[PDB]
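> I am sharing model.txt, which consists of compact mmCIF, C-alpha atoms:
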```txt
# COMPACT_ATOMS: atom_id res chain seq x y z
CA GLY A 133 182.00 93.77 57.09
CA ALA A 134 180.81 95.79 60.17
CA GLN A 135 179.71 92.49 61.82
CA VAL A 136 181.52 92.17 65.18
CA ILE A 137 180.22 91.27 68.67
CA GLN A 138 182.02 92.07 71.94
CA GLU A 139 181.40 89.38 74.56
CA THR A 140 183.41 90.10 77.73
CA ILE A 141 182.66 89.52 81.45
CA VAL A 142 183.62 91.21 84.73
CA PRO A 143 184.31 89.82 88.26
CA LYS A 144 181.58 92.18 89.58
CA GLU A 145 178.20 90.56 88.81
CA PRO A 146 176.07 91.23 91.97
CA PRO A 147 172.45 90.04 92.51
CA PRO A 148 169.52 92.27 91.37
CA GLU A 149 169.18 94.68 94.35
CA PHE A 150 165.59 95.56 93.24
CA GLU A 151 162.14 94.42 94.42
CA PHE A 152 159.93 91.52 93.23
CA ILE A 153 156.28 91.35 92.11
CA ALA A 154 153.53 88.78 92.90
CA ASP A 155 151.64 87.99 89.66
CA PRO A 156 152.38 91.21 87.61
CA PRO A 157 150.14 92.72 84.86
CA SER A 158 150.27 91.09 81.37
CA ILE A 159 152.13 87.85 80.42
CA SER A 160 155.94 87.83 80.73
CA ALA A 161 158.16 87.72 77.60
CA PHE A 162 159.29 84.23 78.72
CA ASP A 163 155.80 82.69 79.03
CA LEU A 164 154.68 84.57 75.89
CA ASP A 165 157.28 82.71 73.83
CA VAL A 166 156.61 79.37 75.62
CA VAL A 167 152.86 79.61 74.80
CA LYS A 168 153.55 80.57 71.14
CA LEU A 169 156.19 77.81 70.70
CA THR A 170 153.79 75.21 72.14
CA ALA A 171 150.80 76.56 70.11
CA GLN A 172 152.88 76.39 66.89
CA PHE A 173 154.03 72.76 67.44
CA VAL A 174 150.51 71.53 68.43
CA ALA A 175 149.11 73.25 65.29
CA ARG A 176 151.79 71.46 63.20
CA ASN A 177 151.31 67.90 64.59
CA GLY A 178 147.65 68.02 65.77
CA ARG A 179 145.77 67.59 69.06
CA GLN A 180 147.39 64.15 69.68
CA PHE A 181 150.79 65.84 70.26
CA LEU A 182 149.12 68.42 72.60
CA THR A 183 147.33 65.73 74.63
CA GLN A 184 150.66 63.87 75.11
CA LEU A 185 152.19 67.02 76.70
CA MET A 186 149.08 67.34 78.94
CA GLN A 187 149.93 63.86 80.33
CA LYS A 188 153.76 63.90 80.77
CA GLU A 189 153.84 67.44 82.27
CA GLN A 190 150.48 67.32 84.13
CA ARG A 191 152.25 68.11 87.47
CA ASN A 192 154.38 70.95 86.01
CA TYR A 193 152.50 74.23 86.58
CA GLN A 194 154.27 75.71 83.50
CA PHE A 195 152.24 73.31 81.28
CA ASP A 196 149.01 74.00 83.25
CA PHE A 197 148.10 76.63 80.58
CA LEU A 198 147.27 73.64 78.31
CA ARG A 199 144.27 73.03 80.64
CA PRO A 200 141.23 75.37 80.53
CA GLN A 201 141.77 76.00 84.27
CA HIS A 202 144.31 78.76 83.29
CA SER A 203 143.28 82.10 81.69
CA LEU A 204 146.31 81.61 79.37
CA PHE A 205 144.39 78.67 77.86
CA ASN A 206 142.19 81.16 75.95
CA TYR A 207 145.22 82.92 74.43
CA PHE A 208 146.83 79.51 73.69
CA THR A 209 143.78 77.78 72.07
CA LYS A 210 143.06 80.92 69.94
CA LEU A 211 146.74 80.86 68.84
CA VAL A 212 146.61 77.16 67.77
CA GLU A 213 143.63 77.92 65.50
CA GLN A 214 145.70 80.70 63.84
CA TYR A 215 148.83 78.54 63.51
CA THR A 216 146.77 75.71 61.90
CA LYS A 217 146.04 75.95 58.14
CA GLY B 70 171.59 65.52 73.06
CA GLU B 71 174.42 66.95 70.89
CA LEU B 72 174.36 67.10 67.04
CA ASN B 73 175.77 63.63 66.09
CA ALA B 74 172.63 62.63 64.12
CA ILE B 75 168.84 62.19 64.47
CA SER B 76 166.97 58.93 65.21
CA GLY B 77 163.77 59.80 63.23
CA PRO B 78 160.64 62.03 63.41
CA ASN B 79 160.85 63.26 67.04
CA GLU B 80 158.98 66.56 67.48
CA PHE B 81 159.46 66.29 71.29
CA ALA B 82 163.24 66.50 70.72
CA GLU B 83 163.03 69.73 68.70
CA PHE B 84 160.46 71.16 71.19
CA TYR B 85 162.86 70.64 74.12
CA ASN B 86 165.67 72.21 71.99
CA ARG B 87 163.47 75.30 71.25
CA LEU B 88 162.63 75.41 75.01
CA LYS B 89 166.37 75.34 75.90
CA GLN B 90 166.93 78.47 73.79
CA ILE B 91 164.11 80.48 75.55
CA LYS B 92 165.32 79.34 79.00
CA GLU B 93 168.99 80.27 78.34
CA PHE B 94 167.88 83.51 76.57
CA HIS B 95 166.42 84.88 79.82
CA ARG B 96 168.92 82.96 82.06
CA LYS B 97 172.01 84.95 81.04
CA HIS B 98 171.19 88.63 80.52
CA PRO B 99 173.68 90.51 78.26
CA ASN B 100 176.21 93.17 79.43
CA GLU B 101 173.57 95.96 78.84
CA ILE B 102 170.00 96.60 80.13
CA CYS B 103 168.39 96.49 76.66
CA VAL B 104 164.71 96.33 77.72
CA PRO B 105 161.64 97.78 75.83
CA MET B 106 160.44 101.27 76.91
CA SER B 107 156.66 100.69 77.30
```
Take the structure from the file and write it as structure tokens.

Amino acid sequence: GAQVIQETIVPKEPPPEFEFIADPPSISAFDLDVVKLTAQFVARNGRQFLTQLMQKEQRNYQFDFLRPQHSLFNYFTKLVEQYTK
Amino acid sequence: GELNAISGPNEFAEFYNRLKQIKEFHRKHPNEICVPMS
């Protein structure tokens, strides 16, 4: 019965007055999930599904990890092999 | 879009729906800075 969520807002929601990085250490939580999600679906439908993504999103750098040109490709390909069974 | 019904086996549809969640997840941060310490 203790289930309750409080979802309120405020008129004061300023921008992040903090610095920025330029290619930080380790993969971000966002990309981490994106790679896993993709690796899970490709392992569920096969290489054909993967290759289709490599065509439609070829010019989207966020899908460039599907190509071996990205270091993320290693993490990704090794993940597919673990998601397949 | 929406939840009316499905048109058949469309993995691309579900993939874009899963993608929406991740995008929105990081788009709107909650009312508290709940980040992992190390």
> Kindly give the distance, in Å, that separates atom CA of residue 70 of chain B and atom CA of residue 85 of chain B, rounded to a single decimal.
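Straight-line distance from atom CA of residue 70 of chain B to atom CA of residue 85 of chain B works out to 10.2 Å.
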> Using all atoms listed in the file, which of the listed residues (B:72, B:106, B:87, B:97) sits closest to chain A?
B:87
> Just need the residues of chain B within 8 Å of chain A, counting all atoms listed in the file, so spit them out as a compact mmCIF listing (two decimals) with C-alpha atoms, keeping the file's coordinate frame.

```txt
# COMPACT_ATOMS: atom_id res chain seq x y z
CA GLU B 80 158.98 66.56 67.48
CA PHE B 84 160.46 71.16 71.19
CA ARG B 87 163.47 75.30 71.25
CA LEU B 88 162.63 75.41 75.01
CA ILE B 91 164.11 80.48 75.55
CA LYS B 92 165.32 79.34 79.00
CA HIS B 95 166.42 84.88 79.82
CA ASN B 100 176.21 93.17 79.43
```
> Provide the atom CA of residue 105 of chain B to atom CA of residue 202 of chain A distance in Å, to one decimal place.
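Rounded to one decimal, the two atoms are 26.8 Å apart.
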> Atom CA of residue 79 of chain B to atom CA of residue 159 of chain A: how many Å, to one decimal?
29.3 Å
> Which neighbours of residue 217 of chain A fall inside 12 Å, counting all atoms listed in the file, when residues of the same chain fewer than 5 positions from it are skipped, and could you give them as a list in words?
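So, after excluding close chain neighbours, the residues are residues 172, 175, 176, 177, 178, 211 and 212 of chain A.
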> Keeping only C-alpha atoms, write the selected residues as a PDB file, keeping the file's coordinate frame.

```pdb
ATOM      1  CA  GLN A 172     152.880  76.390  66.890  1.00  0.00           C
ATOM      2  CA  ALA A 175     149.110  73.250  65.290  1.00  0.00           C
ATOM      3  CA  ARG A 176     151.790  71.460  63.200  1.00  0.00           C
ATOM      4  CA  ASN A 177     151.310  67.900  64.590  1.00  0.00           C
ATOM      5  CA  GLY A 178     147.650  68.020  65.770  1.00  0.00           C
ATOM      6  CA  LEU A 211     146.740  80.860  68.840  1.00  0.00           C
ATOM      7  CA  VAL A 212     146.610  77.160  67.770  1.00  0.00           C
TER       8      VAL A 212
END
```
> Calculate, to one decimal in Å, the centre and edge lengths of the box along x, y and z of the file that holds all listed atoms of segment 144-151 of chain A with 5 Å of margin on each side, and present them as AutoDock Vina command-line options.

```
--center_x 171.9 --center_y 92.8 --center_z 91.6 --size_x 29.4 --size_y 15.5 --size_z 15.6
```
> Please check which residues have atoms at most 10 Å from (151.7, 75.7, 80.0) in the file's coordinates, counting all atoms listed in the file, and write them as a list in words.
residues 163, 166, 167, 170, 171, 185, 186, 189, 190, 192, 193, 194, 195, 196, 197, 198, 199, 202, 204, 205 and 208 of chain A
> Please fill the gaps in segment 192-207 of chain A so it has N, CA, C and O atoms, and write that as an mmCIF file, in the coordinates of the input.

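Below is the file part.cif, written as the result:
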```cif
data_model
loop_
_atom_site.group_PDB
_atom_site.id
_atom_site.type_symbol
_atom_site.label_atom_id
_atom_site.label_comp_id
_atom_site.auth_asym_id
_atom_site.auth_seq_id
_atom_site.Cartn_x
_atom_site.Cartn_y
_atom_site.Cartn_z
ATOM 1 N N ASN A 192 153.500 69.800 86.178
ATOM 2 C CA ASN A 192 154.380 70.950 86.010
ATOM 3 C C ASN A 192 153.454 72.133 85.752
ATOM 4 O O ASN A 192 152.863 72.214 84.675
ATOM 5 N N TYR A 193 153.355 73.055 86.713
ATOM 6 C CA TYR A 193 152.500 74.230 86.580
ATOM 7 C C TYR A 193 152.767 75.014 85.288
ATOM 8 O O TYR A 193 151.836 75.599 84.746
ATOM 9 N N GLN A 194 153.989 74.989 84.732
ATOM 10 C CA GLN A 194 154.270 75.710 83.500
ATOM 11 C C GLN A 194 153.515 75.163 82.291
ATOM 12 O O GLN A 194 153.434 75.834 81.268
ATOM 13 N N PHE A 195 153.021 73.932 82.346
ATOM 14 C CA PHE A 195 152.240 73.310 81.280
ATOM 15 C C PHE A 195 150.756 73.332 81.648
ATOM 16 O O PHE A 195 149.929 72.809 80.900
ATOM 17 N N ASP A 196 150.390 73.926 82.787
ATOM 18 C CA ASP A 196 149.010 74.000 83.250
ATOM 19 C C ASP A 196 148.182 74.886 82.318
ATOM 20 O O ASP A 196 146.967 74.721 82.268
ATOM 21 N N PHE A 197 148.815 75.772 81.526
ATOM 22 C CA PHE A 197 148.100 76.630 80.580
ATOM 23 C C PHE A 197 147.407 75.788 79.507
ATOM 24 O O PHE A 197 146.474 76.266 78.864
ATOM 25 N N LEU A 198 147.869 74.549 79.283
ATOM 26 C CA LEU A 198 147.270 73.640 78.310
ATOM 27 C C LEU A 198 145.868 73.253 78.784
ATOM 28 O O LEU A 198 145.068 72.783 77.971
ATOM 29 N N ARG A 199 145.574 73.354 80.085
ATOM 30 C CA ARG A 199 144.270 73.030 80.640
ATOM 31 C C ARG A 199 143.448 74.316 80.676
ATOM 32 O O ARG A 199 143.983 75.383 80.972
ATOM 33 N N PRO A 200 142.124 74.216 80.503
ATOM 34 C CA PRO A 200 141.230 75.370 80.530
ATOM 35 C C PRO A 200 141.176 76.077 81.879
ATOM 36 O O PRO A 200 140.637 77.178 81.982
ATOM 37 N N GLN A 201 141.724 75.462 82.925
ATOM 38 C CA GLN A 201 141.770 76.000 84.270
ATOM 39 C C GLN A 201 142.624 77.291 84.348
ATOM 40 O O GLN A 201 142.529 78.030 85.333
ATOM 41 N N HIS A 202 143.449 77.581 83.336
ATOM 42 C CA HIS A 202 144.310 78.760 83.290
ATOM 43 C C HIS A 202 143.694 79.795 82.342
ATOM 44 O O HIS A 202 143.111 79.412 81.325
ATOM 45 N N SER A 203 143.833 81.100 82.606
ATOM 46 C CA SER A 203 143.280 82.100 81.690
ATOM 47 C C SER A 203 144.096 82.063 80.389
ATOM 48 O O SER A 203 143.551 82.253 79.300
ATOM 49 N N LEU A 204 145.391 81.728 80.499
ATOM 50 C CA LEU A 204 146.310 81.610 79.370
ATOM 51 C C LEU A 204 145.798 80.621 78.336
ATOM 52 O O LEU A 204 146.152 80.750 77.164
ATOM 53 N N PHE A 205 144.966 79.657 78.745
ATOM 54 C CA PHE A 205 144.390 78.670 77.860
ATOM 55 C C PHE A 205 143.661 79.358 76.711
ATOM 56 O O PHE A 205 143.773 78.912 75.575
ATOM 57 N N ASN A 206 142.920 80.439 76.988
ATOM 58 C CA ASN A 206 142.190 81.160 75.950
ATOM 59 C C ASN A 206 143.153 81.690 74.903
ATOM 60 O O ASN A 206 142.932 81.492 73.713
ATOM 61 N N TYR A 207 144.212 82.377 75.335
ATOM 62 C CA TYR A 207 145.220 82.920 74.430
ATOM 63 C C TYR A 207 145.826 81.776 73.607
ATOM 64 O O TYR A 207 145.879 81.859 72.382
#
```
